[PDB]
């Protein structure tokens, strides 16, 4: 009866409230996805419990062990009824889970430290003085592993074999490494996170270029779940009433410290 909503700690989507550690259940969290889960549950009329995924990963299938980890895995093996998160709608995932139409548009972007002499993906691919990496084990990393485009083929070639590891267990680790690297590390991350950080102190980073691709986040359910339909109509409705567009403004630009 109570729906398990799997989710991940990623700002500004799901974040601990100023005084969690002092609260319980869904009270402990806040963010875009928290508000979104709340809206969806209201229109779908369910009680739900937010659960932060254990391994803190998004979802990939190990090639040797064939097992799905992360949020996707929680759905695939039934431990979660629905994931509300910045979960990218990719082809491999859609074969094993279900996705609503996107609730947010985005694309892979480049985040530099202010004053870095990089404007584009080519600017980065045609040099070695500035290191650059991506979040680990996610759709951004995969974008490059798979690309058949010259420049992205160049980039994946550099990153795939870079010492130390240019990937990062987390978004914050990439951001941190951009801030601490005196303009000698560009981070490749999804435009939405990039845009969020750009409005946070010490306001020393910035989005350069246009996006490398296009894609969306979907609310995801297990393949064949009875919840799939209501959930999709719910997201579309929130879209049509401007809600998503009201929620984006709130967590990105009103929280803006610059």
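Numbering follows the first chain given and starts at 1.
Taking the mean C-alpha B-factor of each stretch as recorded, 88 to 96 and 145 to 153 are not equal, and the higher mean is that of 145 to 153.
Comparing the deposited coordinates for 62 to 70 and 209 to 217, the stretch with the larger average C-alpha B-factor is 62 to 70. For the set 105, 139, 109, 171, the PDB entry assigns the largest Cα B-factor to 171. The deposited CA B-factor of residue 79 belongs to the lowest third of values across its chain. In this PDB entry, residue 27 carries a Cα temperature factor that places it within the highest third of its chain's modelled residues.
Ranked within its chain, residue 10 lands in the lowest third, by CA B factor from the PDB record. For residue 115, the recorded CA B-factor ranks within the lowest third of the chain. Only modelled residues enter the ranking. Among all modelled residues in this chain, the alpha-carbon of residue 223 has a temperature factor (C-alpha) in the lowest third.
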